[PDB]
Every structure is written in C-alpha cells, then in structure tokens.
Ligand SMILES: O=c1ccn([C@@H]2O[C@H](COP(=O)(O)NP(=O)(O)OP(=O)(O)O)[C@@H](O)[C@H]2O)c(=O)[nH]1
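Given next, in structure tokens, is a single chain: the form deposited without the ligand.
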C-alpha cells in the first residue's frame, strides 16, 4: 500500500495566483477593444478553473465567448417559431476581432494562431485561448425558448468541422460533486493525477491518464467512495472502477460519452490500463524484491 502521507502530498493543489492574473490580463486586453457586435465574456476552464491543477506553472486555459449571438441545432421552422434571425457577425469575424484585440494589447510577437486556439504570452503565464460563440442545444419539436442546454462552439479550419464543448457545465457539476463529497472529490482527482505523473516520470506511458479523461472517469464514481482518508479513497475508488460497467460513463459536463471511437473520447481499454497501473503502484509500494534465481 501507499502511505497516507504520500497520498496526501499527491493531493496538493498547485498555486493559482499567477493563473488568475493571466485570466485578468486577457480580460483587461479585451476591455480595451471596441467590440462591433457584442463584448465577449472571458472565463477559465481546465485544471485551474476546476481546482485540479497539480502544478502552478502550466499554461492557462482561457475561454473567450461571444454571447450576443448563438449557434444552435434548430431547424428553420424552430428558428421561425422563436422569432430568430441570422447574425451577420460570424465566428470568423469574431475571431479576427479577438486576435486584433490581443495583438493590440500584447504586441504581435506575443500572439500566434494554433490549430484550435490563439496562444498568448502574457506577463504572467502563457494562455491558450479558445475563441468561441455560445451554442444552444435545443430539444426537438415545439418547446419553450428558454428550454436549451448552453455550451459553446468554434470552427477548426484545418479540419472543416465544428466543435461543441460545455465547460461551464463541466465546472458546475464538478463543484456540485465536490460539495456533496465534503470537499474530497477535487483532492482525490489531484491525488490520482500526481500518482499518474509519478509513474510517467519513472517510464510509464505518457498517455496513462490524460487529465480531462481522468476527471471524467472519477466523476462517474459514487460519492460514497470519496472520504475518510486518502488510503481508503484510493482503494475504494479503484476497486469500484475495476468492477464497474464503464460503457455508459458520461463526461463531467453531462452531455458527452466518455468512451467511444472519436479522439474526443477515451477508450475503455485505456481506462482499464490506468486501473492496472494504480493497482501495481499500490501493491508494489513497500514490497521487497529479488531476482528469480535467488527465490
């Protein structure tokens, strides 16, 4: 088994002061720009937002979201029943405005386009900026105009496709689970992240448990498994996952499937591998070895 003090150290959160200032810096840059069709909101997602960061020096995941217009899954008839019209301001237009705002504030040498994000070197931490528009997922047929689930969406020019994410729901649901586990859920995520990274440092696979997939995996574990001590939590969580039917696990945002064939999803086999590595870490700790010819 792993000593409690080791698990407790692994549960520590990295500092967040510099990440928060990075967020405030991006926000201040956008405040200086004149927005032609709505001023976007700026919020954090990712590990810092969700209090699951195990370091204080990782890049900051920032969302720059336009809310004056929305993309959606409505049919033309549903749009008509709601009185909706087309926005003449596009995601492409908005992206160009955000890029100009950031370049004006930080300078061209500090702002560059990535595949899916704008990367910004601030005076605090580097920011990975997702430029997106509000996305409304509406139910079928004729329903109320307030009956929708809110996410966001962005275009990937290199892949001719739209991505829809739900970071606000990811945050909301993780916070709710943390409240209901007497604040053990987020320390437990960090414990497993640090356990994973400890193994990767020793040669375990780089993709043993990508952070987002690991959070989603743990989100599916009953609240009763989190608490008491870190040793009891480590074993109760891993033993429940080993016996669980993973196939219907949902992401923490409540919208997506965790497992599937797309690269946006994990695989059950990768999750089972993570469980095997946690088992081995636990059972191997404190054990003596020798070569088989000395047994």
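Numbering follows the first chain given and starts at 1.
Beyond what is shown, the protein has a form deposited with the ligand bound; the following relates to that form.
ask   = Is every one of 114, 117 and 264 in contact with the ligand in the deposited complex, taking contact as a heavy atom within 4.5 Å?
value = Yes, the whole candidate spot contacts the ligand.
Looking at the partner-bound form in the deposited complex, is residue 128 within 4.5 Å of the ligand by any heavy atom?
Residue-level check for residue 128: yes, a contact with the ligand.
Closest heavy atom of residue 154 to the ligand in the deposited complex, within 4.5 Å or not?
So residue 154 counts as contacting the ligand.
I'd like to check something about residue 103: if you look in the deposited complex, is any of its heavy atoms closer than or equal to 4.5 Å to a heavy atom of the ligand?
No.
Does residue 149 reach the ligand in the deposited complex if we count a contact as any heavy atom within 4.5 Å?
Output for residue 149 is no: heavy atoms all beyond 4.5 Å of the ligand.
inquiry  = Tell me which stretch of 198 to 206, 177 to 185, 141 to 149, 161 to 169 has a heavy atom within 4.5 angstroms of the ligand in the deposited complex.
reply    = Looking at the other structure, the answer is 161 to 169.
### Query
Considering only 28 to 59, what residues come within 4.5 Å of the ligand in the deposited complex, judged by heavy atoms?
The stretch touches the partner through 45 alone.
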